[PDB]
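Basis: the model, the stated rules and, where named, an outside source; no laboratory instrument gave them. Please note: Cβ atoms are built from the backbone with ideal geometry, for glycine as well, and neighbour counts cover all protein chains shown.
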Amino acid sequence: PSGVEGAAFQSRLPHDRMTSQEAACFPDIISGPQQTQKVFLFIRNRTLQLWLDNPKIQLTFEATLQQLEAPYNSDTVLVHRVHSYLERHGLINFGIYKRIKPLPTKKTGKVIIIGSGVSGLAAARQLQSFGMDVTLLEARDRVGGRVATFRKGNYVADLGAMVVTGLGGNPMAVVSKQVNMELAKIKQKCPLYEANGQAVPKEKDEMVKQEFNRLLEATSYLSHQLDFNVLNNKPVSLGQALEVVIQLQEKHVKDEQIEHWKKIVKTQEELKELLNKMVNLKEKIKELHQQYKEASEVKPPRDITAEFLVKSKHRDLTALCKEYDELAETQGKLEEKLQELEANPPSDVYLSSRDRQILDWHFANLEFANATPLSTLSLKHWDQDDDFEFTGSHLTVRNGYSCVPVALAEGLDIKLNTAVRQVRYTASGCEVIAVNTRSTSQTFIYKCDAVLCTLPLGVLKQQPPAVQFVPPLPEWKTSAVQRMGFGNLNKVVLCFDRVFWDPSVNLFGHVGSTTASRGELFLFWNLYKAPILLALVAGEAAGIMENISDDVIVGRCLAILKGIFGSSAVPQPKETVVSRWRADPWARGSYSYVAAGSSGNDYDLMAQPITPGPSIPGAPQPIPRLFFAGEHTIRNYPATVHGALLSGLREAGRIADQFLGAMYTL
Amino acid sequence: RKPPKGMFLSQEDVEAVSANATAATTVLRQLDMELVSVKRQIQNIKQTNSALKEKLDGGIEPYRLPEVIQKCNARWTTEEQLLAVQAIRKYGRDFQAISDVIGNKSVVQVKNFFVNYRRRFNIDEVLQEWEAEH
Ligand SMILES: Cc1cc2nc3c(=O)[nH]c(=O)nc-3n(C[C@H](O)[C@H](O)[C@H](O)COP(=O)(O)OP(=O)(O)OC[C@H]3O[C@@H](n4cnc5c(N)ncnc54)[C@H](O)[C@@H]3O)c2cc1C
């Protein structure tokens, strides 16, 4: 993408069309004439471009209007409205930028933000950037939350987020310029090593791989074309739909074998009737030759009737020898037509037991990506966010992702080791009751105009609840919390004294023995400068490996690596770390998924803020007090950092519109 | 529109594999047995036809007559006239068979024979004796 249009695309906006949000703030324009709209669109696109080309410094209205050309720079309320709108909703001046105009002397409004995850930190910075009193409460002793990074000596390995999923349209692209990010690409080639410890041959790989992707497309066909999305009143999961597709392939394999052999028999049984006909003609011939012999034994001279008999029987015999020669013609055709059919047997099997285990690895990878067993993913919706996928190679943070949330936290009032125990919200305001994690009796109360809740979905799910809402969260919100999926996946960090793996290879697989254990240590990354092998636990396995000691788990990692690289090429590991994200109480799992019977629409429910009832009855409708952000709130970018980050930006803009008013509407 | 190429999934088939808990393993076991039934049924006819093949051993070589290679003549020797009548009696109208018997008469010469001699050898009467012998 080139020019102003590239900035629109890079900001996740269509260059040639006004968005639903823009229509809300600029209804005069979009209801108005086509000309004015193109002006708007250009101004917006240009103002973005400017920010993007240098995102380490605030872009002011002046600076913007400066660079604008006529006719566009004529109308300055239009250019002011646009710059204000963008600035508000975090499309420009977000992250870590140098302010030209140091912060307003005094603040307007007080907001408590629960949790200093990337959602929280992003929102906070925006609200403080808008001059509000912002204080974050974190139960942990560190920022970032599900952006963890293990550091020790020169070893650095992310236990939480690790990958920037393309820069094309990604707002982490902007933050990656604002903070130094050693962004190393990922060469995707991943060789697989069965339980024996010997690579699947190239040929094999590609059958199973292609068959895998063919099987997925198949499930989509079931979902959309055959509308196979309910079964017994339960929603269909992706897992089910794969079994069904696989069975239908195994069925088809047999169906064909049956009709191939059932063709052989129909030919074989034509030949049976032909051989009978031929054996009975050989009989009449044998007898009839004897007769013609006997007729020629009669020595001449002979009368004409006995002459006629020889001639007669001679004709009658060559007549029957014609037939039999024309049946041995037919016999030869049908006899080879069997060597034809019995040389072209259709496939013996759909998938052998060896291939079926490799396919299980390709499924474990999918279970790793979606952080959940495939039996849980909605068939109709698991991939709904696939359109908003970014462009470009995926990348790692080589210096450790925690560098980002740390960088965001600078200049923010953050109360670490502070576990929110209860959230009270009323017509007049909110009070948040927290405690000190260390001495749990030591209590805190926080008054504020508004609460922003970035509590992870796993926490929101806890029963009995870790946080109490007063009044309780309404039926519609608590249902959407049940419905949505919170997944899990763990990482094992292996630190060595020396590289014993192919260092031109980033990642390589291990194929499990069973279906049951397809996720157990199924994948390893070498992505770091140092000698670190990162080992992944996905699917059903992840949840069970949390009940096994680190030593045991490290055991099974080495065992595998011996198999692949040799039983004395693999030292002991100097340093080892093992995640248990589902056990961790400030997460209760890894990230969301679209569970069967959920949809994208639940993610929008999760974002919908709550308005309390009126204090005095029959008094007017209050303001919305309790707001929600986090990875689980953004329909189009769930379970990501950029998602969280964007959710934070979003709620900040909304809260600011509420308590500071919106001068940009007109 | 259509599934991936080589993947098979009829509406009808999906319903049939999902209709209960083990409609999957049922339908696939019917086919495992359907196959073994057709598999042995093959070896039955393979064995059966293997015997009928051996009964045709030798072919029909000891029963084959050498070549009569003679030139179709015009005249009807009284010999040939008599061979004809008797042939008509046995064969009726199979002019080809009658031609083959006599040995030196084209198949038209035979038809041509019927019409002119018909009066003198009562050929009508002869084929009444045929058809009655069938
Ligand atoms: C293993 C793993 C790998 C991942 N990999 C990637 C990746 O490669 N790429 C990518 O784009 N994304 C990835 N993600 C997703 C990403 O880490 C998260 O989606 C994102 O950081 C979430 O931010 P959040 O603010 O919504 O929640 P969080 O980051 O959890 O922040 C919320 C905060 O609330 C705090 N909190 C919890 N309970 C309380 C309480 N009672 N009182 C006060 N505070 C509380 C938490 O401690 C936390 O700091 C990954 C996640 C995991 C688990």
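Quick grid of which residues meet (1) out of contact with any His (no Cβ under 9 Å at 6 or more places or on another chain); (2) surrounded by fewer than 16 Cβ atoms within 10 Å (Cβ to Cβ); (3) aliphatic (A, V, I, L, M); (4) in contact (Cβ under 8 Å) with a residue 60 or more places away in the chain:
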position	(1), (2), (3), (4)
B:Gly58	yes, yes, no, no
B:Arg64	no, yes, no, no
B:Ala74	yes, yes, yes, no
B:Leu82	yes, no, yes, no
B:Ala97	yes, no, yes, no
B:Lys105	yes, no, no, no
B:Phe113	yes, no, no, no
B:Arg118	yes, yes, no, no
B:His134	yes, yes, no, no
Report task. Return yes or no: is A:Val505 under 25 Å from the mean Cα position of the chain (by Cα) and of a type in the set (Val, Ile, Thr)? Result -> yes
Report task. Please specify each residue of segment A:596-643 satisfying the condition of being within 13 Å of the ligand (Cβ to nearest atom) and in contact with a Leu (Cβ under 8 Å, 6 or more places away or on another chain). Result -> A:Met606, A:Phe628, A:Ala629, A:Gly630, A:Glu631, A:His632, A:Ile634, A:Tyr637
Requested in this report: Spot the failing condition for A:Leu660; the list is (1) more than 36 Å from the chain's Cα centre (by Cα); (2) within 16 Å of the ligand (Cβ to nearest atom), and only one is missed.
Outcome: (2)
Report task. Answer yes if at least one residue in segment A:142-150 is more than 10 Å from the ligand (Cβ to nearest atom) and either more than 14 Å from every other protein chain (Cβ to nearest Cβ) or among the β-branched types (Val, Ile, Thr) (or both), and no otherwise. Result -> yes
**Report entry** Extreme residue, surrounded by the most Cβ atoms within 10 Å (Cβ to Cβ), among residues of segment A:232-252 that are under 15 Å from A:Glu211 (Cβ atoms) and more than 9 Å from chain B (Cβ to nearest Cβ)
**Finding:** A:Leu242
Query raised in the report: Can you name every residue in segment A:259-278 that is of a type outside the set (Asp, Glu) and without any contact (Cβ under 8 Å) to a residue 12 or more places away in the chain?
Result: A:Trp261, A:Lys262, A:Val265, A:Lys266, A:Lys272, A:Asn276
**Report entry** Candidates A:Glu211, A:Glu269, A:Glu259, filtered to the one that is within 30 Å of B:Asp13 (Cβ to Cβ) and within 37 Å of the chain's Cα centre (by Cα)
**Finding:** A:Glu211
Report task. For residues that are within 22 Å of A:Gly648 (Cα to Cα) and of a type in the set (D, E, K, R), tally how many sit in segment A:41-80. Result -> 2
Query raised in the report: Which one is farthest from the ligand (Cβ to nearest atom) among residues in segment A:461-475 that are of a type in the set (A, V, I, L, M, F, W, C) and over 22 Å from A:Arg654 (Cα atoms)?
Result: A:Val470
Requested in this report: Hand me the list of strands (runs of 3 or more DSSP E) wholly inside segment A:452-568 holding 1 or more residues that are small (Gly, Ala, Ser).
Outcome: A:507-510, A:532-537
Query raised in the report: Regarding A:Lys333, is this residue of a type in the set (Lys, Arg), away from every other protein chain (no Cβ under 12 Å), under 30 Å from A:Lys254 (Cα atoms) and without any contact (Cβ under 8 Å) to a residue 60 or more places away in the chain?
Result: yes
Report summary line: Just one listed residue, out of A:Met181, A:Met172, is touching a strand residue (DSSP E or B) at 6+ places or on another chain (Cβ under 9 Å), more than 12 Å from chain B (Cβ to nearest Cβ), among the aliphatic types (A, V, I, L, M) and assigned to a helix (DSSP H, G or I), and it is A:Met172
Report summary line: Note on A:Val156: of the conditions (1) surrounded by 20 or more Cβ atoms within 10 Å (Cβ to Cβ); (2) assigned to a helix (DSSP H, G or I), unmet is (2)
**Report entry** Members of segment A:198-231 found to be hydrophobic (A, V, I, L, M, F, W, C) and either over 14 Å from B:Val17 (Cβ atoms) or surrounded by 17 or more Cβ atoms within 10 Å (Cβ to Cβ) (or both), listed by number
**Finding:** A:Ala199, A:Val200, A:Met207, A:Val208, A:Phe212, A:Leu215, A:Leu216, A:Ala218, A:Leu222, A:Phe228, A:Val230
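Residues are listed down the side, and each one gets a yes or a no for (1) outside the structural domain of A:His381 (by CATH); (2) touching a residue at least 40 places away in the same chain (Cβ under 8 Å); (3) in contact with a helix residue (DSSP H, G or I) (Cβ under 7 Å, 6 or more places away or on another chain):
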{"position": "A:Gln225", "(1), (2), (3)": "no, no, no"}
{"position": "A:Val245", "(1), (2), (3)": "yes, no, yes"}
{"position": "A:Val298", "(1), (2), (3)": "yes, no, yes"}
{"position": "A:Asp303", "(1), (2), (3)": "yes, no, no"}
Query raised in the report: Just for segment A:1-21: of the residues that are of a type in the set (S, T, N, Q) and not in a helix (DSSP H, G or I), which one is surrounded by the most Cβ atoms within 10 Å (Cβ to Cβ)?
Result: A:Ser11
Query raised in the report: Just a yes or no: is a residue in segment A:188-200 of a type outside the set (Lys, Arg) and within 14 Å of another protein chain (Cβ to nearest Cβ)?
Result: no
Report task. At least 1 residues that are surrounded by 21 or more Cβ atoms within 10 Å (Cβ to Cβ) in each: list the helices (runs of 4 or more DSSP H) lying fully within segment A:22-113 that qualify. Result -> A:34-53, A:61-67, A:76-88
Requested in this report: Check whether at least one residue in segment A:556-575 is in the same structural domain as A:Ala122 (by CATH) and within 16 Å of the ligand (Cβ to nearest atom), and report yes or no.
Outcome: no
Report task. Name every residue in segment A:112-133 that is among the hydrophobic types (A, V, I, L, M, F, W, C) and either within 13 Å of the ligand (Cβ to nearest atom) or more than 34 Å from the chain's Cα centre (by Cα) (or both), in order of residue number. Result -> A:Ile112, A:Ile113, A:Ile114, A:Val118, A:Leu121, A:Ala122, A:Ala123, A:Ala124, A:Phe130, A:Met132
Report summary line: All conditions in (1) touching a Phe, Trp or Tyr at 6+ places or on another chain (Cβ under 7 Å); (2) surrounded by fewer than 23 Cβ atoms within 10 Å (Cβ to Cβ) are true of A:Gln442 except (1)
Report task. Please enumerate the residues belonging to segment A:576-595 that are under 30 Å from A:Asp497 (Cβ atoms) and near the ligand (Cβ under 8 Å from one of its atoms). Result -> A:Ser579, A:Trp581
Query raised in the report: Name the pairs: first residue in segment A:586-602 and outside the structural domain of A:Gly539 (by CATH), second residue assigned to a loop (DSSP other than H, G, I, E, B), Cβ to Cβ under 6 Å, at least 6 apart or on different chains?
Result: none
Query raised in the report: Does A:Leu605 count as over 24 Å from A:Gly643 (Cα atoms), in contact (Cβ under 8 Å) with a residue 12 or more places away in the chain and in the same structural domain as A:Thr514 (by CATH)?
Result: no
